[PDB]
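Down below is the structure, laid out as structure tokens.
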Amino acid sequence: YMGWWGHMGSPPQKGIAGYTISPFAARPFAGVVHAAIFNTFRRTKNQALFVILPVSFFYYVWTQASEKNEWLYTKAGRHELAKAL
Amino acid sequence: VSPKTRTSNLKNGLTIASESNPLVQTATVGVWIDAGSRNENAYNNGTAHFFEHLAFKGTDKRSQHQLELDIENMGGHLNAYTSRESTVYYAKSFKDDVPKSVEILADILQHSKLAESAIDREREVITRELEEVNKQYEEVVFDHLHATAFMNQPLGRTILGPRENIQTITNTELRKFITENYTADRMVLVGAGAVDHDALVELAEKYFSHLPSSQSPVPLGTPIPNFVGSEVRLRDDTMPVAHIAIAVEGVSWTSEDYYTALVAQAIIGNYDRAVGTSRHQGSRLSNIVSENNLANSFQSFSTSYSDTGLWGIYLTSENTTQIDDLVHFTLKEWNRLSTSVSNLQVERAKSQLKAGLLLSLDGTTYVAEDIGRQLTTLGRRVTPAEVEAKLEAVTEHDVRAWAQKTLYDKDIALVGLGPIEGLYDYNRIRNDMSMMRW
């Protein structure tokens, strides 16, 4: 499923003209400030839910579990600990 | 020793230049103009080429049909071509048909109708030319090469112009173009073959005396190009042959390095598998390419303009899995113009060029073309003795110094057409412009 240069396995290409300029002719950091602010904001905004939802859920689960565990091993939690074991 | 080129002027500033050959019976007279597509802007791009069509479409006297008949009756033919910086209109005839041909040329240049009906008719003919150049691969490659090397500059434009302009060119803008550009101080009347100079000067006084002079007459061959390292890829898997051009910014006609660039070009030279002698050529690249079947052909070029040029090579190959080797070996041969060339290659190339520059001129049309080109680019015909001296002045140090500032580690303009999957990206091509071992 992969060939090599000259016979890579692409379907025949026709009709596309590609253009580019030399690395010495270009400004490598052209539009960097716009990218760093607006492009990163767009990309992050669109992925935020997929990170926030599972992270927030599992952090809440952990927080509840760790606080209960801590409470069961205090004096106040003696009775509830006795039942839990 | 060839006969001397005679040169005279008229009062308007039209140059007449002639070289007689009493051994031939035909003559080429014509008008070389220091003007071409590069004189258009973006709005009227295509005008100069449009005019070339209309020049043969009828004048104030002779109609289209009468024009056809008049030339048929002369016996010879008329021909024209428009380039970026030069336009030519010439007539090949019999010895004694020269006054007829001068009269017809003077007529089609000064007194052409440019009738709205004819503009409208050619507007379709030229539109069809846009879809049929597509077949002339060498031309496709070189027009993309100019377009990218001189990106958004006048030398980068095509001669045909965009489709949009073809539909909007008016007789007004045609007339304006030829009034601004076809002036006497930009024109040379040239005769080669069976022509008398004194006869030709009289014919010039008779037909081209009422030509406008420009307000500010600069010398012939007077022009700022900013080369762009860049690439155009026109991949087409269905073509069997890849066509690739690689060029750097080269030298103008009047550069001090003009001969050094020609010698460097001759060290790489040309190759064509179809010619029998090509397998035995002395050029290193020739030997590599022929032994390994890397290419069907390659042709080194050094194209000059008034203020810039392009120096490079044009390759054709069916070996689609070894395009990388072909490009690699070609650019490593260019590296050697900087690192390795000695008196061995330089003196061999000089020998070959001393003859080559004279051999090229083997007929009246070639002679006329040489007088016209040199007069419109340099302002004078350079004698073979001067040419022999300028070539002799080229040393190996000159070639090395030129290559080190023009080729070594420089940006290239690169165009590939056809099955070019194996042509690597710009960086890997441009990395072969230097050698890490040096």
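Labels used: A, B, ... for chains in the order of the structure tokens, numbers from 1 for residues in each chain, and numbers from 1 for ligands as shown.
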
(request) Mind the document's chain letters and residue numbers, and return as an MDAnalysis selection string the residues of chain A that DSSP labels helix (DSSP H, G or I). (result) chainID A and resid 32:72 78:84

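The list of chain A residues within 9 Å of chain B is residues 4, 5, 6, 7, 8, 11, 12, 13, 14, 15, 16, 17, 18, 19, 20, 21, 22, 23, 24 and 25 of chain A; this uses only C-alpha atoms.
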
Same residues, N, CA, C and O atoms, output as an mmCIF file, in the first residue's frame:
```
data_model
loop_
_atom_site.group_PDB
_atom_site.id
_atom_site.type_symbol
_atom_site.label_atom_id
_atom_site.label_comp_id
_atom_site.auth_asym_id
_atom_site.auth_seq_id
_atom_site.Cartn_x
_atom_site.Cartn_y
_atom_site.Cartn_z
ATOM 1 N N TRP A 4 7.144 3.813 -3.908
ATOM 2 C CA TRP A 4 8.311 4.626 -3.632
ATOM 3 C C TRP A 4 8.290 5.787 -4.615
ATOM 4 O O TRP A 4 7.394 5.832 -5.453
ATOM 5 N N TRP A 5 9.234 6.726 -4.509
ATOM 6 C CA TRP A 5 9.193 7.896 -5.375
ATOM 7 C C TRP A 5 9.095 7.501 -6.848
ATOM 8 O O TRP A 5 9.899 6.712 -7.333
ATOM 9 N N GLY A 6 8.130 8.087 -7.564
ATOM 10 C CA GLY A 6 7.945 7.781 -8.967
ATOM 11 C C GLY A 6 6.826 6.765 -9.166
ATOM 12 O O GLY A 6 6.267 6.690 -10.252
ATOM 13 N N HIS A 7 6.499 5.989 -8.127
ATOM 14 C CA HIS A 7 5.436 5.004 -8.230
ATOM 15 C C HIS A 7 4.828 4.844 -6.845
ATOM 16 O O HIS A 7 4.804 3.751 -6.289
ATOM 17 N N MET A 8 4.396 5.962 -6.264
ATOM 18 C CA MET A 8 4.023 5.942 -4.864
ATOM 19 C C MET A 8 2.725 5.157 -4.648
ATOM 20 O O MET A 8 2.486 4.696 -3.540
ATOM 21 N N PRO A 11 -3.555 7.505 -7.242
ATOM 22 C CA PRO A 11 -4.312 7.520 -8.495
ATOM 23 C C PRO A 11 -3.668 8.575 -9.382
ATOM 24 O O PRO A 11 -3.014 9.481 -8.875
ATOM 25 N N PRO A 12 -3.823 8.505 -10.721
ATOM 26 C CA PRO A 12 -3.209 9.487 -11.617
ATOM 27 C C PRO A 12 -3.602 10.905 -11.231
ATOM 28 O O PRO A 12 -4.769 11.178 -10.955
ATOM 29 N N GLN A 13 -2.614 11.790 -11.192
ATOM 30 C CA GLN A 13 -2.914 13.169 -10.872
ATOM 31 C C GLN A 13 -2.845 13.964 -12.162
ATOM 32 O O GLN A 13 -1.949 13.755 -12.973
ATOM 33 N N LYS A 14 -3.813 14.858 -12.341
ATOM 34 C CA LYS A 14 -3.812 15.748 -13.478
ATOM 35 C C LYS A 14 -4.606 16.992 -13.112
ATOM 36 O O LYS A 14 -5.584 16.900 -12.386
ATOM 37 N N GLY A 15 -4.179 18.151 -13.616
ATOM 38 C CA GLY A 15 -4.978 19.353 -13.477
ATOM 39 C C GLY A 15 -4.640 20.189 -12.245
ATOM 40 O O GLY A 15 -5.203 21.269 -12.094
ATOM 41 N N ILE A 16 -3.709 19.744 -11.395
ATOM 42 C CA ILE A 16 -3.354 20.551 -10.233
ATOM 43 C C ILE A 16 -2.048 21.277 -10.503
ATOM 44 O O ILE A 16 -1.050 20.638 -10.796
ATOM 45 N N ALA A 17 -2.036 22.602 -10.357
ATOM 46 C CA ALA A 17 -0.776 23.308 -10.423
ATOM 47 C C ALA A 17 -0.412 23.669 -8.991
ATOM 48 O O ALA A 17 -1.262 24.201 -8.294
ATOM 49 N N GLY A 18 0.819 23.365 -8.560
ATOM 50 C CA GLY A 18 1.274 23.709 -7.222
ATOM 51 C C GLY A 18 2.366 24.770 -7.299
ATOM 52 O O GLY A 18 3.184 24.748 -8.209
ATOM 53 N N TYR A 19 2.368 25.704 -6.354
ATOM 54 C CA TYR A 19 3.310 26.805 -6.403
ATOM 55 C C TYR A 19 3.918 26.984 -5.025
ATOM 56 O O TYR A 19 3.216 26.838 -4.032
ATOM 57 N N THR A 20 5.202 27.334 -4.951
ATOM 58 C CA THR A 20 5.721 27.717 -3.648
ATOM 59 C C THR A 20 6.948 28.593 -3.821
ATOM 60 O O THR A 20 7.452 28.707 -4.926
ATOM 61 N N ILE A 21 7.453 29.150 -2.719
ATOM 62 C CA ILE A 21 8.590 30.051 -2.805
ATOM 63 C C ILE A 21 9.701 29.539 -1.900
ATOM 64 O O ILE A 21 9.450 28.809 -0.948
ATOM 65 N N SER A 22 10.917 29.994 -2.175
ATOM 66 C CA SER A 22 12.115 29.540 -1.499
ATOM 67 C C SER A 22 12.071 29.876 -0.005
ATOM 68 O O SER A 22 11.516 30.898 0.382
ATOM 69 N N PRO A 23 12.695 29.076 0.888
ATOM 70 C CA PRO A 23 12.751 29.443 2.297
ATOM 71 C C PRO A 23 13.530 30.739 2.504
ATOM 72 O O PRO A 23 13.193 31.515 3.395
ATOM 73 N N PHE A 24 14.499 31.016 1.625
ATOM 74 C CA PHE A 24 15.234 32.269 1.710
ATOM 75 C C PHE A 24 14.426 33.471 1.229
ATOM 76 O O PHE A 24 14.761 34.607 1.565
ATOM 77 N N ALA A 25 13.371 33.239 0.445
ATOM 78 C CA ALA A 25 12.603 34.356 -0.080
ATOM 79 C C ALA A 25 11.455 34.706 0.858
ATOM 80 O O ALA A 25 10.825 35.742 0.673
#
```

(request) Pull the strand (DSSP E) assignments for chain A out of DSSP run on the backbone, and list those residues as a ChimeraX atom specification. (result) /A:17-21

(request) Excluding residue 260 in chain B and any residue of its chain fewer than 2 positions from it, enumerate the residues within 12 Å of it, using only C-alpha atoms, and give them as a PyMOL selection string. (result) chain B and resi 250-252+255-258+262-267+302+311+337+346+349-350+353+390-403+406

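Across the model, the gap from CA of residue 220 in chain B to CA of residue 308 in chain B is 16.2 Å.
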